[PDB]
Structure formats: C-alpha cells, structure tokens
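one piece of my complex first, more on the way:
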Amino acid sequence: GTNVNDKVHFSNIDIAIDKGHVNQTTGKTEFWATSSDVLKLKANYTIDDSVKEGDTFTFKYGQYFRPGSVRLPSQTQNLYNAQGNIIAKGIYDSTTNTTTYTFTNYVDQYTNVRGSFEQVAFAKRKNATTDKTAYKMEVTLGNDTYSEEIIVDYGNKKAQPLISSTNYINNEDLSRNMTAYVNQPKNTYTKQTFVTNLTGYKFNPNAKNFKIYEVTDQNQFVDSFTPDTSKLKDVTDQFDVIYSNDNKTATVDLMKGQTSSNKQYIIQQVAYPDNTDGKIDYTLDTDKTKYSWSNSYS
Amino acid sequence: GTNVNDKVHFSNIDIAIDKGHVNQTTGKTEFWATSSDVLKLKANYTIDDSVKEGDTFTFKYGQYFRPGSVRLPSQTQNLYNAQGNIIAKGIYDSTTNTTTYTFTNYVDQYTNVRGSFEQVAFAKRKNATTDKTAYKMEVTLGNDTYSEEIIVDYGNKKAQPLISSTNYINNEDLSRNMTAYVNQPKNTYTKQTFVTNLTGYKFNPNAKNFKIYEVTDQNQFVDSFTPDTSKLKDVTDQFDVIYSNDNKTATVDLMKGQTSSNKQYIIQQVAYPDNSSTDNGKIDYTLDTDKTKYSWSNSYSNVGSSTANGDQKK
C-alpha cells in the first residue's frame, strides 16, 4: 500500500531508563548500560480510519538510540492491540536504524483505533561512546519526533590493565560478542599472556572471529566497548591463538616478537552457548601480577 | 602493576577553606559553599625505592568530601615532578569516589623521591546536605587516613517561597546546573507562574533537562541544593515548559489544571553559557502567586570583580 506516516499519530512519547542509577555526586539518574539498565520507549497512538491493510508507517531511530537491549534487536517488530491481535507487522533494518510497519486486516475490521505501546530500547553503542556523557536519544514515530538527552555510563575503568565487557548478544544465535581492552594505562611489560576461559560457552576456532587490534590512538578505546573496527589496525595474523579445554580456553602471547612492549590491544571474541545461555573469565599474566576480569551471565 | 599503597607515604595531610568566612560570633572559619569558598587538600609524600612503573596507589575520598569545586572534578588527575613532567597518571571515578594513580617510568629513573601536592576539593553535596552543620571531611592517601570537621553553609532560607542555587558546574561543557525550590513553607496558592530568565546562557528545549519533581517529604528539600532525584516523583510531563526570547526564558504554569495547590517542587535546569557576556552571568527566577511576586536571582562574576558603597541621598 501507501506510506501513511501522516495518518498515524503518536503522543506522550517518552524515553525512560529502567531501573536507572543515581550519580553518587550529582544526584541525577543515569543509564548504566552494563549494570542491567535498559531504555523504554513509550507512546500513545491513534490511527486514522482511512488506513487499510498494506499501508505502511515507520519508526526512525536516531544516531545514539536503537531498539533492543544488550541483546541486538529482532528484525521482527510487531504492533499489537491490548488482546495480542497484530495491528501491524514490522521489519527493522539496522542499516537505516528504521522499522517499517505494514498494517494487517485489523484496521479493515475496526475503526477509531487507539492504543499505546512500550518497547525495550538501548544506546547505539558505536556512537554513544563515552562515560558520563549526555547523548541525544531521538525517535520519529510516523511524523511525530521526540528527543531527550540521556547520560550513559558503561563503567570503563581506564586505570585497569585488563577490562572486558559484552559488546552485544547476537539475537539469532545468542552468542556473547565480547570486547576486551588490554593495557589502557599504557604500561610497559615483558610478560603479557592473555587468557579467556568460558563456562557454558565454546569458541569456534574456524569461525575467524577472534580478532586482535593494535590501538594506535588512545581514543580508539571507547568506553562503550563497541569500537569501530573498520578504523582499527587488525593484527590478528601476527599472533597465535591457542585453544584448549575442548575449545573453552584461548591463550595468546601478546609479547610475541618483542622482549619489552607498551602496546595496547582491543580484542573481540564470539562465545557460543553450549546448548540455556554462563561465565567468561579473563586473565592477563604480566611481569609482576596476574590481572582478572569476569563477566557473569544468566 | 601491584598496589603500592603501603610504599607511598603521606604526611602533613591537611584540609582547609579558601578563603573561608570568619563567623564573628564563634570566631570560626566557615565553608560557604555557594559564595566562592573551596576546600584545599595538601600533603607531602615519599616513595619507597622498590616502586616501579605501572605500580598504583589511590586517593580514596570519604562520603562527605570530594575533589573539585562547584565545578565537578576532571576524570584526569595527575601528579607532577619539579621538572614539569607527569610522575603518576590518575583516573578519578565518581562511583568509587577514588582516584587511582599509575606511576610512570619517573620512579624507575629517580630515587629518594619526595613530593607534595595541593588540590581544590569540595563537599560531596548529596551527603553533606544541611546548613550550619559540621561534616567529617575524610581522605585516605595511600594508607594514610586523615579527617577534619568542616562547618558547611549553603544559605538555604527554608522560609522562602522561592530560592535557587547552582547545584554544580559540568566539567566538560561548563553548563550551570541549577536547583530551584518552590513552596518550601507548604503555603496554599491559586496562581503559580514560574519564570526563569537567563543572561549569559541559553536552555536546550530538545534535551528535556528542565525537570520538575513533586516533593512528598519536607526532608527532600536538602540545603545543599543537591537532592537525590531518583527518590523524587518526576512530574515534568504533567506541565508545559514554554520557551521564549531565543531560549533565554522558560515559563511554567504550575497550576495546569487546578484552582488550588500546596504542592512543593524541586525544579532542576541546565543553562549552557554563550561564548561571552559583557555582564555578570545571571539566572533570574520569578514565582507569580495569588498576591505576591516572589523572586530570587543568582549572579556570577564576569572574571574579575568590583564593589563600591556610599551614603544614598535622601
């Protein structure tokens, strides 16, 4: 059918943080994206009677805002009435950050259609990069625009030689796509052995998704743990990733080719659930100490 | 890099007020946080010869005390040698109220290091809530703890129908974060037109950071003007914040749909400074009621200052 963005009217648009965390100094509520918070998009809507099956409308999400959670959004996004009948079937496209909805025959069977929705949403981590920074969360529902600034904190700890986080959970296979940051403080080491141990997941050695990048600018370390890899220096082939424990352990000597190094690394990985969907533990063995970071998951 | 909190020794640890306001009645110096006073933390230190590049140590600030001024502290906190180079690179984290310092290779090229520092510090307003009250300003430098009682005054007039203050200055963009208190004495009104006029600043309507919180409990009205907003009832969506004068004036009818109110509000705002100003920066509030117009104004030095007085004719 035809684009009926001008016939679908959204009001009381809101973006909330659930649950939200307090900044311990300033007392403002913030989006702590690695401490269980999500965003919630809400709105009321009315649909004009001139709407028919096959007509379409869009949700356009801005550069810092997207549907979904830590887990990437489904391509399927439906608009349901209060009893669970499908008013419209939608297709989310991550390339355009837009959902395109198509009305069902529901609108041909009912008039004066009015309701409301709630949707779990998140930061677009690639663009909303930096701790304690306010980002503009923007959506356009039909032709109705809304923007609100949200303060994000991912909890990067830049003084840590080793820190890791979930970049995203894959919606289709539930793989944990991980980011680890090695040597943010730019210390100098003669030993630098990087180990990941999985509980409840496995690596796939042949999937070619264990990537090692050599940081050339400190700002490539984005607090969001979703770096733009197309601009990083890919040095994966210069290292030997060694698997063991039935592909549940990967060990890498980051000192390879050197006796002393102040190099800094971003490492990305894919850990596939064994079956539910576990623990991922990292260690970095150095001259003086063994650093640890764990991420734990229900 | 192991933790060498036991290898870096601090001494002559002190906390003082700059400049402070002497109370003629007590003879005591007071920390008037909203009239230009800061706290200054100071210490001397030595570093043990076993310390190496990559080792760390912390400054752990206590519950009533933090680095910085009215302006929030930088994440970046460094210490310097006499030659001007950084000898320890620090990251301050507001969630732990702790700075973690990592030594450079300075400590590998030098021995018998002796040093000192002085830092601008401040009350942690969220906890050091109340006027004319003494709070324990505590810090731990390495493993050396020190504390000091400070008498804090923000100048909140709990009998004022309308009063405001700076809550904080954003380190990154210099935005002035304001707290305004409406109806602290729980009076009853039929008119409540709340106006803010900015001189030297602009609001950003697209941000929706003009927040209105309905007060249930009188104790939510902290004298610090740094309330815990998570604990308040956000009623912003129930009012219309109307912007005029290219975003220098904000108008909110706090009646929107009632003949009578004894509701109490905490209103928070973000004022972004324009490039420059020939005046003292200024935030002017009015509350227009049944009978009286109340008003409060906040003014900030141009940076320098001046004054004058004399006998008024008549």
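Arrived safely. Numbering: from 1, shown residues only, chains lettered A, B, ... in the order given.

What is the neighbour count of residue A:219?
Look at residue A:219: counted by other Cβ atoms under 10 Å in any protein chain shown, it has 9 neighbours. (Each C-beta comes from the backbone N, C-alpha and C, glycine too.)

Would you list the phi and psi of it?
phi -80, psi -10 (degrees, to the nearest 10).

Now do the residue nearest to residue A:215 when sequence neighbours are not counted against chain B, distance only.
Nearest non-adjacent residue to residue A:215, counting by Cβ to Cβ, 6 or more residues apart in numbering or on different chains: residue A:264, 4.1 Å away. Distance, residue A:264 to chain B, using Cβ to the nearest Cβ, to the nearest Å: 13 Å.

residues contacting residue A:264?
Residue A:264 is in contact with A:181-184, A:186, A:214-215, A:218, A:221, counting by Cβ atoms under 8 Å, 6 or more residues apart in numbering or on different chains.

Let's see that with 7 Å instead.
A:182-184, A:186, A:215 (Cβ atoms under 7 Å, 6 or more residues apart in numbering or on different chains).

Just the buried residues of these.
A:182-184, A:215 (16 or more other Cβ atoms under 10 Å in any protein chain shown).

Show me which residues of stretch A:90-99 are buried.
So for stretch A:90-99, counting by 16+ other Cβ under 10 Å, buried means A:90, A:92, A:97, A:99.

Identify, from the residues you listed, the entry nearest to chain B.
Closest to chain B out of the buried residues of stretch A:90-99 is residue A:97 (18.6 Å), distances taken as Cβ to the nearest Cβ.

Also, this goes in as chain C:
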Amino acid sequence: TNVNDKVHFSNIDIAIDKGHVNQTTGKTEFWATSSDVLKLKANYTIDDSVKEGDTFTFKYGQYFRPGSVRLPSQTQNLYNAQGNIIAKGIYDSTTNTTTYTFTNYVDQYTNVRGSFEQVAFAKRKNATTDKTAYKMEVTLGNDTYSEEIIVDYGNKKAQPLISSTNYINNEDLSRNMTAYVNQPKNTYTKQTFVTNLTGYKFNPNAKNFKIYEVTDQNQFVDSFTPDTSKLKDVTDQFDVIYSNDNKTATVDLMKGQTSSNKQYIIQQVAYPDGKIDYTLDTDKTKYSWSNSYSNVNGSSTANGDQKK
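Let me add chain C to what's already shown:
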C-alpha cells in the same frame, strides 16, 4: 569632563596567580603557559563633586594588559555592592586604555569608596622573552604603579617542533595557535607538518592558516606572539590539506625542495565545537608536540636523585 584627578586609587598591586617558583633562584615567576595570570587590584575613593558622564582612565603599559590568555572584552565595567554599574568602560587595544564613564550612581551617592580586582596578563608581543623581567605598569586615574614581573613561556629552542596558544578570542573562543618549526636550523629531506584537533575544527575557507618563513632567529619570540607584519608570508607557496571533518590539517613543508634548512612560524585558528596535537615527520624521526587544555586542578611537585 576628565576626572582622573578626582578618583583616587590606593593600595595598587599586581600579583601572580598562582605563580611558579624558579627551580634555581627560588623567585616567584609568571609562567604564562602554565595557567598563571596576573591580578590587578586597588581600592579607590571618589570626590563628591564627580557627576554622571565624568570620565577616568586605566592606562596600561607596554608589557601589561587586562584579560588572561583570553583577550579582554571591549566592555569593562565597575560595580557597586548592589550589583549595579557605577562606571561603564570601553577598552581599546590600540591605546591599551580603558575609558570609564560614570553612571548616575555618583549623583545619587556620596562618600563613595570601592575596590576592584582584575584578571590581567603580559602583552606577549612586547614581553617576548623567557626568564626576563618586564615592568608591568598601569595608571589608574592619575595614580601610577609599576612592578617588575619575571615571565616564562617555556619555549624549548632545541626542539624542531613546539607550539603554544597565542591567544583565545574573547568573542568566538577560537584558540589562536603559533607553531615553531625548526628553531635549531637543522637540514631535512622530509618535513610533513600535521595538526590534529580534539574539540575544535579548522575553517579551511578562512585562509587563516598562515605560514611564515623566518629570516632572522629573533623572529622566534619566546612568547609565541610574533609581529606578523615583519615576517615573510609564504602561505601561498604551500598546500594546506584538510581531512577528518576539518579536524586535521597537513602541510608538506618540503615542497619545491629536496633538502631544506628553512624555518617556519605557523599560525592557526581553531574553533571550539580540548586538545591540539602537532607532528612533524622528518628524515630520521617524527617529532610530536601536544597542547592539552583540560581544567587542571591544583599543583604538585617532586624531586629525587638519579638512578646510578
């Protein structure tokens, strides 16, 4: 009329805030690129016979001006204890003078006294040289003050590459930069000068990226505020290429030559959207110099003995 003789300034003082100690002499100095400013203060009284529209001047000396690294505003006011303007001032950089004109305050009040404190600075173009004392002078009304102040800008003449903020523009907050290339007068076969901005952008259309060829070593003033009317402007002999959303500027200073012992003063204008990173890629090495403009809190120091 001119009431310089009816406005009486006393307790005049110029202080360094906060000041840095010279590492050898122990004297307090004004380290103009390490966050020091000068502070001018005085008390004053006004004769009862002064009226609205009467004027007086603050006449600043050849080495001294109001403002900080950020240029002073044309508008300079003096206030009373109520926060109202008692005198409206106009500062002129040409005459280095603020001319104040009393308001009707003085006609409504008598026995008036007051005081001011003013952020001030070296006039970099004249106070050119590191570890040099310059007389900081002002005449307030008819009351003169002069005090020698030792300045240091931290030029490092042995460095192939060094830069500093020349000034910040009061009206658009642009950071006006000066970079010195090849003060030591070495000979190079590669000389690629790159500038990368964080929190600022260049205006590639402004044509305010200016490249000057040095003809006399003294043109490299330690203050990074050279008199550009005396320099040789060679901007049109080079190609300034902008990239990265106007955050990066690249110039090949070897253009037209194979080997070069030329020396350059380069000036730039960076508009806030803070750090400015310079590199100079040469034959054997890549030099770098960075100016970081974060609010830095307080001070610290340390010393020790050398490893064996």
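
what do you get for the contacts of residue A:264 once chain C is counted?
By Cβ under 7 Å, 6+ apart, residue A:264 lies in contact with A:182-184, A:186, A:215.

now do 10 Å
Residue A:264 sits next to A:161, A:181-187, A:213-218, A:220-221, A:254 when contact means Cβ atoms under 10 Å, 6 or more residues apart in numbering or on different chains.

Residue in the stretch 101-250 of chain A with the shortest distance to chain C?
residue A:219 (7.6 Å).

How many residues are close by the residue nearest to residue A:123 when sequence neighbours are not counted?
The shortest distance from residue A:123 to any non-neighbouring residue, by Cβ to Cβ, 6+ apart, is to residue A:152 (5.5 Å). Neighbouring residues of residue A:152 were enumerated by other Cβ under 10 Å; the total is 26.

For residue A:152, list each beta-bridge partner.
Beta-bridge partners recorded for residue A:152 (DSSP bridges): residue A:31, residue A:133.

Spit out the contact partners of it.
A:17, A:30-33, A:37, A:39, A:64, A:122-123, A:125, A:128-135, A:137, A:223-224.

Correct me if wrong: residue A:296 contacts residue A:280.
Yes: Residue A:296 is within contact range of residue A:280, at 8.0 Å (criterion: Cβ atoms under 10 Å).

tell me, what's touching the two both at once?
With Cβ under 10 Å, 6+ apart as the test, residue A:296 and residue A:280 both reach A:199-200.

Which one of these two is surrounded by more residues?
With neighbours defined as other Cβ under 10 Å, residue A:296 and residue A:280 compare such that residue A:280 has more, 22 against 10.

How about that one, nearest residue that isn't a chain neighbour?
Using Cβ to Cβ, 6+ apart and skipping residues adjacent in sequence, the residue nearest residue A:280 is residue A:295, 4.9 Å away.
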